[PDB]
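Same chain, two versions here, written out as structure tokens and called structure 1 and structure 2.
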Structure 1
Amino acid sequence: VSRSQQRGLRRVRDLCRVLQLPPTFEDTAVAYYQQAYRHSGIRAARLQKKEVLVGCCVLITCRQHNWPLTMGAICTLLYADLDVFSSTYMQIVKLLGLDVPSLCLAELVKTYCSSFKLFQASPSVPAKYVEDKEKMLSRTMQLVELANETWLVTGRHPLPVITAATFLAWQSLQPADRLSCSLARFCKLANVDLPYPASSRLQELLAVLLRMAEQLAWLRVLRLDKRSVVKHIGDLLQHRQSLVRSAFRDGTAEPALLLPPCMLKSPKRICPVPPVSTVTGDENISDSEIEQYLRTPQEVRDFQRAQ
């Protein structure tokens, strides 16, 4: 009945219509906004939080139906900073006690890669850079699954992994003419912003593909590097499950070790343990021990002069 609630529910419905979501999504998201509004802390929240809340309710709905809407997309539409969105999203998930499924990688691959403008020639997209949409999506998905199996996805932003995988899929589909094109040049012609971590994901994915190539006798003999491995990506993905298992020691049946990159960073110091002390909080406190924390009359005068 509240004027700010009616305005909020109208904004929830308008966001769903702008996002072209299925008809069932609007009702679920409206229900979450109504539920949110039953808490006094949400009812008395700033109009800016009530604007972000519109987005949180629509994002939660999309996540539960594996609709690949990112927090970045919502922040753009709501003119909200991500940390502003993070505090409202984390609060409302705790407050409504909600189970929020993860971003669906397979669905994000389809939506994000379809935005890559490489399926028709143009002044900025030459003929040799044009690729089949289905061939591109299928190979990118296989490379995203590989990155996921070889611990490159866990704890990282999923989008830069898809950017690196889409680029590698595109290069591997015509290696002779596309190996000269860098990740930055590729995102520029496809008209997609380059996420900064995508270059790191690329290098990690190329390192994984190189370890795999060592498991095929006819590829091991070619002494491949991060450039020459690209034309064999098709061959490597054809036997990805098998090659991953063979290339890495760590894995159950129910020198290379399959581990997350943050475990192989190899710093010269790992968790400098706090020193074991069992000192009782009942020990005597001397006057000299305390007096060192007090200013002298001269120190007081010198501070007062400086203020």
Structure 2
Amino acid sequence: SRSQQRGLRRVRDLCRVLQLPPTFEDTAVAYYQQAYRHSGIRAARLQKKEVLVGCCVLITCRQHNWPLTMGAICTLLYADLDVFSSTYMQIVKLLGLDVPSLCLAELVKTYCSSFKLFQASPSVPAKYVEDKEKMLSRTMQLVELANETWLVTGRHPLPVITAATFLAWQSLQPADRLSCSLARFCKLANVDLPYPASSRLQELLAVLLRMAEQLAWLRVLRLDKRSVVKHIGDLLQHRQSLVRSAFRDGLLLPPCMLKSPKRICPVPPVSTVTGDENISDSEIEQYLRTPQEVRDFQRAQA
């Protein structure tokens, strides 16, 4: 098939653009071929055949823990994420695959290293320059803390890492970096600001404030989302102990649970309808236009 040969060529070009190891190309080509054998794929639009290229490369990457995001693939392929979503779910179901989940540890390393904060420039002053290894180590500890304290489950993973990278960077020199906002930080580090990153930051700061309450010398300081930043180093040194202690007392739950105002969901009253009761003429006539309403509507459309 001319559309199959074009597809296999696109698969190989995507792997080379992404600078993937040599073994990946073959596996992704084999998945596209396996996919083409099914009539549901053969009958799909040329737009679905374009995103199918990406699905096969993503599955290959997921099996080798290569941290490729679905958003990044869609950006390279100039594709709609919703079109990619339905094609990926269909092909995983069709090939009967157990695709591993995105490897957060590998995504922290890749994404965090793209933050251009390791050398001074007119847009990155000397006080904003940070060590790459100190950054990665603290970002990872903050991503593991977010995962342990229910801030990652059901959410997009990249805004969580953007918020953890910013907090790692600020906490490494608090006196000189607390004036910098999340939006200014992403701009100088030359990274796009993901919309949910602000919510993740605030949730992560609230989790560190709960931990601070477990240490008597930090509890007495009545810390806030700004003053807690200089103690992040101390809190992460004892993250395992402080998390166990925080769950042990009271309350640490997914943010969507704390809190929901509508405590009672069965608002419609219990019914005594049988489906067999008489339907009166007056009950039906209320849904009918009068001859005058009809004439007035007809004249208005003429």
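Residues are numbered by position in structure 1's sequence, first residue being 1. Think of the rigid core as the biggest set of C-alphas that the two forms share within 1.5 Å after superposition.
Colleague: Can a Cα shift of no less than 2 Å be assigned to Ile270 between the two structures, given superposition on the rigid core?
Modeller: Moves: yes, 2 Å or greater.
Colleague: Taking the rigid core as the frame of reference, how far in Å is the Cα of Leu216 displaced between the two structures?
Modeller: C-alpha displacement of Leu216 between the two structures: 1.1 Å.
Colleague: Relative to the superposed core, what is the Cα shift for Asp225 between the two structures, in Å?
Modeller: Rounded to one decimal, the shift is 0.7 Å.
Colleague: Core overlaid, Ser286 C-alpha shift between the two structures, how many Å?
Modeller: That residue's C-alpha is offset by 5.9 Å.
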